[PDB]
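Working notes for the structure below.
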Amino acid sequence: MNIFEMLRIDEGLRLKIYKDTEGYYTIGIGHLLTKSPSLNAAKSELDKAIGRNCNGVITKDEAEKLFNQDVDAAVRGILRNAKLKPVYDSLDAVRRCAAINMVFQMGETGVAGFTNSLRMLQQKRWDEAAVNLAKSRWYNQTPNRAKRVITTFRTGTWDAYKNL
């Protein structure tokens, strides 16, 4: 398992514009297009992202390119963030993937707000971190995914993903 396989499981793959769990226009492997209710706005963002007139549909290669860019952006967001970088640097490789997963889903600023969880992770208090992480809108709104990510933080193993 690696971060690409992990997020591919969590986000799926759809080649036509769809709505994510929050009702936002998205495409590919969880590539958010816009939070605007306008499908036309989403199609414009798509065309800009891909560099051609897509009419709301992309190829698998294009989806994978956006995914590469998005994972890269998540990692860079972590490294540039004064709250996230020290925690990330303190983690082992598997737990780093859990961090990237969270940043991919909710953004750098969102994750940086998990102050108490971040401290517990930095302190390697895994069970306590897991308990704290679950006290969140994140967990309540996407519990199956949050549970997988949290199990990854708790154990430092891929146990929550391996069968998927």
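Chains: A, B, ... in order of the structure tokens. Residues: from 1 per chain. Ligands: from 1, in order shown.
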Quick one: which region 133-155 of chain A residues come within 12 Å of region 21-26 of chain A, and what is the nearest atom pair for each with the distance in Å to one decimal, counting only C-alpha atoms, rows ordered by chain and ascending number, as JSON lines?
{"residue": "A:137", "atom": "CA", "partner": "A:22", "partner_atom": "CA", "distance": 12.0}
{"residue": "A:138", "atom": "CA", "partner": "A:22", "partner_atom": "CA", "distance": 11.1}
{"residue": "A:141", "atom": "CA", "partner": "A:21", "partner_atom": "CA", "distance": 8.4}
{"residue": "A:142", "atom": "CA", "partner": "A:21", "partner_atom": "CA", "distance": 7.9}
{"residue": "A:143", "atom": "CA", "partner": "A:21", "partner_atom": "CA", "distance": 11.6}
{"residue": "A:145", "atom": "CA", "partner": "A:21", "partner_atom": "CA", "distance": 11.4}
Output file for the residues above (N, CA, C and O atoms, as a compact mmCIF listing (two decimals), in the first residue's frame):
# COMPACT_ATOMS: atom_id res chain seq x y z
N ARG A 137 -16.62 16.74 13.09
CA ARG A 137 -17.58 16.68 12.01
C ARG A 137 -17.09 15.69 10.96
O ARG A 137 -17.87 14.91 10.41
N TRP A 138 -15.79 15.72 10.70
CA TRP A 138 -15.17 14.81 9.74
C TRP A 138 -15.61 13.37 9.98
O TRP A 138 -16.10 12.69 9.07
N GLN A 141 -19.49 12.82 9.56
CA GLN A 141 -20.02 12.94 8.18
C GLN A 141 -19.45 11.86 7.25
O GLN A 141 -20.12 11.42 6.40
N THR A 142 -18.24 11.43 7.42
CA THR A 142 -17.68 10.34 6.62
C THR A 142 -17.05 9.31 7.56
O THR A 142 -15.83 9.17 7.61
N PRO A 143 -17.88 8.59 8.32
CA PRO A 143 -17.34 7.72 9.37
C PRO A 143 -16.53 6.54 8.85
O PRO A 143 -15.54 6.19 9.47
N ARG A 145 -14.66 6.24 6.14
CA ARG A 145 -13.36 6.70 5.71
C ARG A 145 -12.56 7.21 6.91
O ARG A 145 -11.38 6.89 7.05
> Leaving out residue 163 (chain A) and any residue of its chain fewer than 5 positions from it, which residues lie within 12 Å of it when counting only C-alpha atoms, given as a VMD selection string?
Replying inline: chain A and resid 1 6 9 148 158
>> Nearest residue to residue 127 (chain A) out of A:109, A:104, A:153, A:60, using only C-alpha atoms?
In response: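 Counting only C-alpha atoms, the residue closest to residue 127 (chain A) is A:153.
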>> Need to verify the contact set: residue 27 (chain A), 6 Å, only C-alpha atoms, exclusion of same-chain residues closer than 4 positions in sequence. Can you return it as number ranges by chain?
In response: A: 17-18, 31
Writing out the chosen residues with N, CA and C atoms as a PDB file, in the first residue's frame:
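Okay, this is what ended up in part_39.pdb:
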ATOM      1  N   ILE A  17     -18.230  14.357 -14.366  1.00  0.00           N
ATOM      2  CA  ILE A  17     -18.466  15.218 -13.220  1.00  0.00           C
ATOM      3  C   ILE A  17     -19.506  14.584 -12.308  1.00  0.00           C
ATOM      4  N   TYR A  18     -19.194  14.551 -11.016  1.00  0.00           N
ATOM      5  CA  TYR A  18     -20.099  14.018 -10.005  1.00  0.00           C
ATOM      6  C   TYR A  18     -20.125  14.947  -8.803  1.00  0.00           C
ATOM      7  N   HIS A  31     -11.097  14.927  -7.313  1.00  0.00           N
ATOM      8  CA  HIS A  31     -10.653  16.274  -7.654  1.00  0.00           C
ATOM      9  C   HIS A  31     -11.812  17.260  -7.575  1.00  0.00           C
TER      10      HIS A  31
END
>> At a cut-off of 9 Å, using only C-alpha atoms, what residues contact residue 67 (chain A)? Leave out same-chain residues fewer than 5 positions from it and give the result as a list in words.
In response: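 After dropping sequence-adjacent residues, the list is residues 4, 8, 28, 29, 30, 31, 62 and 72 of chain A.
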>> Considering only C-alpha atoms, can you say which of A:159, A:82, A:19, A:119 comes closest to residue 37 (chain A)?
In response: A:19
> Residues at most 9 Å from residue 49 (chain A), counting only C-alpha atoms, excluding those fewer than 4 positions away in the same chain, as a PyMOL selection string?
Replying inline: chain A and resi 33+44-45+66
Restricted to N, CA and C atoms, what would the selected residues look like written as a tab-separated table (two decimals), in the first residue's frame?
chain	number	residue	atom	x	y	z
A	33	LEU	N	-13.85	20.43	-8.14
A	33	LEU	CA	-13.84	21.42	-9.20
A	33	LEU	C	-14.25	22.79	-8.69
A	44	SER	N	-16.40	24.81	-16.53
A	44	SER	CA	-15.35	25.78	-16.83
A	44	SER	C	-14.07	25.46	-16.06
A	45	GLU	N	-14.22	25.15	-14.77
A	45	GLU	CA	-13.06	24.78	-13.97
A	45	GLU	C	-12.40	23.53	-14.52
A	66	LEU	N	-4.49	14.66	-12.70
A	66	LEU	CA	-5.02	15.52	-11.64
A	66	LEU	C	-4.70	14.95	-10.27
>> At a cut-off of 7 Å, using only C-alpha atoms, what residues contact residue 78 (chain A)? Leave out same-chain residues fewer than 6 positions from it and give the result as a PyMOL selection string.
In response: chain A and resi 84-85+108
Just-selected residues, N, CA and C atoms written as a PDB file, in the first residue's frame:
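Written output follows (out-v8.pdb):
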ATOM      1  N   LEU A  84       1.616  21.803  10.674  1.00  0.00           N
ATOM      2  CA  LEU A  84       1.562  20.443  10.157  1.00  0.00           C
ATOM      3  C   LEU A  84       2.938  19.830   9.952  1.00  0.00           C
ATOM      4  N   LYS A  85       3.895  20.618   9.474  1.00  0.00           N
ATOM      5  CA  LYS A  85       5.204  20.060   9.152  1.00  0.00           C
ATOM      6  C   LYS A  85       5.876  19.324  10.319  1.00  0.00           C
ATOM      7  N   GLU A 108      -5.252  21.789   3.869  1.00  0.00           N
ATOM      8  CA  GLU A 108      -4.214  22.113   4.842  1.00  0.00           C
ATOM      9  C   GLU A 108      -4.752  22.879   6.052  1.00  0.00           C
TER      10      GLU A 108
END
> Just asking: which residues within region 108-138 of chain A are alpha helix (DSSP H) according to DSSP, as a count of residues only?
Replying inline: 24
> Of the candidates A:132, A:152, A:140, A:101, which one gets nearest to residue 116 (chain A) if we count only C-alpha atoms?
Replying inline: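 Closest to residue 116 (chain A), using only C-alpha atoms: A:132.
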> By how many Å are CA of residue 103 (chain A) and CA of residue 156 (chain A) apart?
Replying inline: 17.5 Å
>> as a VMD selection string, please: every residue in region 5-118 of chain A that a backbone DSSP assignment puts in strand (DSSP E).
In response: chain A and resid 14 to 19 25 to 28 31 to 34
>> One decimal, in Å: what's the spacing between CA of residue 120 (chain A) and CA of residue 150 (chain A)?
In response: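 Separating CA of residue 120 (chain A) from CA of residue 150 (chain A) is a distance of 12.7 Å.
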>> Between A:53, A:151, A:115, A:144, which residue has the minimum interatomic distance to residue 131 (chain A), considering only C-alpha atoms?
In response: A:151
> Which residues come within 9 Å of residue 100 (chain A), counting only C-alpha atoms, excluding same-chain residues fewer than 3 positions away, as a PyMOL selection string?
Replying inline: chain A and resi 3+71+74-75+78+88+95-97+103-105
Write the selection just made, keeping N, CA, C and O atoms, as a PDB file, in the first residue's frame?
ATOM      1  N   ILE A   3       0.283   5.918  -0.691  1.00  0.00           N
ATOM      2  CA  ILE A   3      -0.706   6.988  -0.583  1.00  0.00           C
ATOM      3  C   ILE A   3      -1.651   7.037  -1.790  1.00  0.00           C
ATOM      4  O   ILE A   3      -2.830   7.372  -1.652  1.00  0.00           O
ATOM      5  N   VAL A  71      -2.121  15.052  -4.988  1.00  0.00           N
ATOM      6  CA  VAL A  71      -1.329  14.440  -3.923  1.00  0.00           C
ATOM      7  C   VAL A  71      -0.087  15.290  -3.661  1.00  0.00           C
ATOM      8  O   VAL A  71       0.245  15.579  -2.505  1.00  0.00           O
ATOM      9  N   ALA A  74      -1.054  18.298  -1.698  1.00  0.00           N
ATOM     10  CA  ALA A  74      -1.307  17.977  -0.299  1.00  0.00           C
ATOM     11  C   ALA A  74      -0.002  17.870   0.483  1.00  0.00           C
ATOM     12  O   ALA A  74       0.106  18.398   1.586  1.00  0.00           O
ATOM     13  N   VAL A  75       0.979  17.184  -0.096  1.00  0.00           N
ATOM     14  CA  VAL A  75       2.278  17.063   0.550  1.00  0.00           C
ATOM     15  C   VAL A  75       2.937  18.426   0.704  1.00  0.00           C
ATOM     16  O   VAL A  75       3.455  18.755   1.770  1.00  0.00           O
ATOM     17  N   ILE A  78       1.392  20.459   3.474  1.00  0.00           N
ATOM     18  CA  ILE A  78       1.877  20.032   4.772  1.00  0.00           C
ATOM     19  C   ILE A  78       3.247  20.630   5.071  1.00  0.00           C
ATOM     20  O   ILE A  78       3.477  21.163   6.161  1.00  0.00           O
ATOM     21  N   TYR A  88       4.105  15.995  10.845  1.00  0.00           N
ATOM     22  CA  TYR A  88       4.393  15.120   9.724  1.00  0.00           C
ATOM     23  C   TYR A  88       5.811  14.557   9.807  1.00  0.00           C
ATOM     24  O   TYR A  88       6.017  13.351   9.678  1.00  0.00           O
ATOM     25  N   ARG A  95       1.943   6.406   8.869  1.00  0.00           N
ATOM     26  CA  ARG A  95       1.159   7.468   9.464  1.00  0.00           C
ATOM     27  C   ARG A  95       1.237   8.756   8.646  1.00  0.00           C
ATOM     28  O   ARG A  95       0.276   9.529   8.615  1.00  0.00           O
ATOM     29  N   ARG A  96       2.353   8.983   7.958  1.00  0.00           N
ATOM     30  CA  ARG A  96       2.448  10.129   7.058  1.00  0.00           C
ATOM     31  C   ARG A  96       1.375  10.053   5.980  1.00  0.00           C
ATOM     32  O   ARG A  96       0.806  11.076   5.590  1.00  0.00           O
ATOM     33  N   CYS A  97       1.084   8.844   5.515  1.00  0.00           N
ATOM     34  CA  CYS A  97       0.026   8.669   4.522  1.00  0.00           C
ATOM     35  C   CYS A  97      -1.335   9.048   5.079  1.00  0.00           C
ATOM     36  O   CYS A  97      -2.143   9.655   4.381  1.00  0.00           O
ATOM     37  N   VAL A 103      -5.317  15.767   4.665  1.00  0.00           N
ATOM     38  CA  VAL A 103      -5.101  17.046   3.998  1.00  0.00           C
ATOM     39  C   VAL A 103      -5.725  17.031   2.601  1.00  0.00           C
ATOM     40  O   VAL A 103      -6.284  18.032   2.149  1.00  0.00           O
ATOM     41  N   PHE A 104      -5.653  15.895   1.921  1.00  0.00           N
ATOM     42  CA  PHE A 104      -6.306  15.750   0.624  1.00  0.00           C
ATOM     43  C   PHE A 104      -7.818  15.963   0.757  1.00  0.00           C
ATOM     44  O   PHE A 104      -8.433  16.676  -0.048  1.00  0.00           O
ATOM     45  N   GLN A 105      -8.418  15.382   1.794  1.00  0.00           N
ATOM     46  CA  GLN A 105      -9.865  15.464   1.949  1.00  0.00           C
ATOM     47  C   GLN A 105     -10.352  16.838   2.403  1.00  0.00           C
ATOM     48  O   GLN A 105     -11.330  17.363   1.865  1.00  0.00           O
TER      49      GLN A 105
END
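The space separating CA of residue 16 (chain A) from CA of residue 56 (chain A) comes to 5.7 Å.
Nearest to residue 80 (chain A) of all the residues A:112, A:11, A:32, A:5 is A:112, counting only C-alpha atoms.
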> A:134, A:149, A:41, A:54: which is nearest residue 102 (chain A), counting only C-alpha atoms?
Replying inline: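 The shortest atom-to-atom distance to residue 102 (chain A) comes from A:149.
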